[PDB]
Amino acid sequence: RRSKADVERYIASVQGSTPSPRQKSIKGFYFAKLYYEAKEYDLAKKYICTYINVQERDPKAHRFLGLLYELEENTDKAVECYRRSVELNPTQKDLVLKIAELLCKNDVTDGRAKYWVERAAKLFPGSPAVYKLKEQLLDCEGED
């Protein structure tokens, strides 16, 4: 049970001890996670963005922003964030499957779903999770 007031007290502590713009921004992942604990999703997005601005190559921060968008069923923004996270740390094979799953769940008509299913198939050979997506794509194929 974390309240808005609890998170504000921590932000105030940071402001009192490390008050520069970058110093406040570099605590923004902590602030975002605490607001998430406290169900303040808009504020969590605001603060993870301050952190990404000063630590742009941190793959965990884009992934967390992607998680926030995914929870809102904002497919395009979630995919954008997960794609950036993968680019920064491509050991996250899981995010390739996640992107394929999100696109297939949302809409299989702009063509991105096929692209990501193929990449996921390569990273997870024989995966039934991937085969389910390939079946869905085959079902919606047009006829010659």
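- The name that the PDB entry assigns to the protein is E3 SUMO-PROTEIN LIGASE RANBP2, with the source organism given as Pan troglodytes.

So, the packing of aromatic side chains
In this description, a pair of aromatic rings is defined by centroid distance and the angle of the planes.
Point 1. Considering all chains together, one arrives at 8 aromatic pairs under this definition.
Point 2. Ring centres of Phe29 and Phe64 lie 5.9 Å apart, and the angle between their planes is 35°; on these two criteria the pair is classed as tilted. One end of the pair, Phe29, is in helix 3 (residues 28-37); the other, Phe64, is in helix 5 (residues 59-71), and 35 residues separate them in sequence. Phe64 carries the same exposure label as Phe29, and that label is buried.
Point 3. When the centroid spacing of 5.4 Å and the interplanar angle of 70° are considered together, the rings of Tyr115 and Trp116 count as edge-to-face.
Point 4. Taken together, the aromatic side chains of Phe29, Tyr36, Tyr41, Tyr51 and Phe64 make up a single cluster linked through ring pairs.

Calculation rules
- Along each chain, numbering proceeds from 1 in written sequence order. Entry numbering may differ, and residues lacking coordinates are not shown.
- By convention in this description, side-chain values take in all heavy atoms of the structure and omit both hydrogens and water.
- Under the pairing criterion, centres of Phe, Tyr and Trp rings, with the six-membered ring standing for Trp, must be within 6.5 Å; the plane angle then separates stacked pairs below 30 degrees from edge-to-face pairs above 60, leaving the rest tilted.
- Secondary structure elements follow DSSP: runs of H or I of four or more residues count as helices, runs of E of two or more count as strands, with numbering from the N terminus.
- Exposure categories follow from relative accessible area, calculated using a 1.4 Å probe and restricted to protein chains: below 20% of the type maximum is buried, above 50% is exposed, and the middle band is partly exposed.

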